[PDB]
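The data below hold one chain only, encoded as structure tokens and taken in the form deposited in one PDB entry.
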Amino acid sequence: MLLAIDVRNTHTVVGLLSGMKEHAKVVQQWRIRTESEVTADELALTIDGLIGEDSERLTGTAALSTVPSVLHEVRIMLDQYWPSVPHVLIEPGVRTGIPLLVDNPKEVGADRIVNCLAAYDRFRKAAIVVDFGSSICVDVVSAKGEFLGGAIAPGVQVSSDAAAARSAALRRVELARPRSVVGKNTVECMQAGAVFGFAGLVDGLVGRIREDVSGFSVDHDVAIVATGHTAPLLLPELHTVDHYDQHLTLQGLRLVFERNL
């Protein structure tokens, strides 16, 4: 009933969301590769091919893009293909209800704003969002709902592919958990490094934020939530992340659409 487009640097998530507010659920979600040079007509063609007969029952469209060229094409596609269907676009510089206590609010990403909005809507307290995308984005949200910033670490698959690409000896290894941390072969050592090390990266970032920033200590109530496609892989090994929400960006886009109408 609602079409949500979420364009990341690596993959795009298309979602059909039905219901309103508390009853709002992601009834369907597809994940496709993104091309930076795709045009409005190609994008509308593949979106219609995905959503099938639902295209005539759409009641709204909400989109964000971290790639600016794809954001341009999304502007043209939303203005052209679904005129009667109301549309909202997440453009940097426009408030979405979450204050940005950061030096340069105009260059904060769209995904981070949406994730912070969704997390503070769900938990209504201090939160640490760990988005497992092309980068691992750690977002810190105060108890009052501000965005204090965070950290942008390299992602797991991106860093592993870069490490394998630098060395001709190393090959592209699938991201999976090994037997133990101390591997016994190059594949096992690389997998142990990427998986246990990036779990330790997330844990160290979260623990450092809790130690160094007031209001986020262990004596405080902090909702530490993961999201992103690779989050379930590192989720068992994390000791600091409590909750997991695969549709946090989609629910944030839904909240943006509901507040803009």
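Residues that one form lacks are left out of the comparison. Start at 1 with the first residue shown and count on from there. Basically, rigid core = biggest C-alpha set you can superpose within 1.5 Å across the two forms.
There is another form of this protein, the form deposited in another entry, and it is not shown here; the text below is about that form.
Looking at CA displacements between this form and the one not shown with the core superposed, a shift of 2 Å or more is confined, among 143, 85, 170, 102, to 170. Once you line up the core between this form and the one not shown, the Cα of residue 159 ends up 2 Å or more from where it was. Three angstroms is the minimum change: in the other entry, the CA atoms of residue 159 and residue 190 sit closer than in this structure, by 3 Å or more. A shift of at least 3 angstroms pushes the Cα atoms of residue 137 and residue 158 further from each other in the other entry than in the displayed structure. Residues present in both forms were compared between this form and the one not shown after fitting on the core; consecutive runs of three or more with every C-alpha moved by 2 angstroms or more are 92-94, 157-172.
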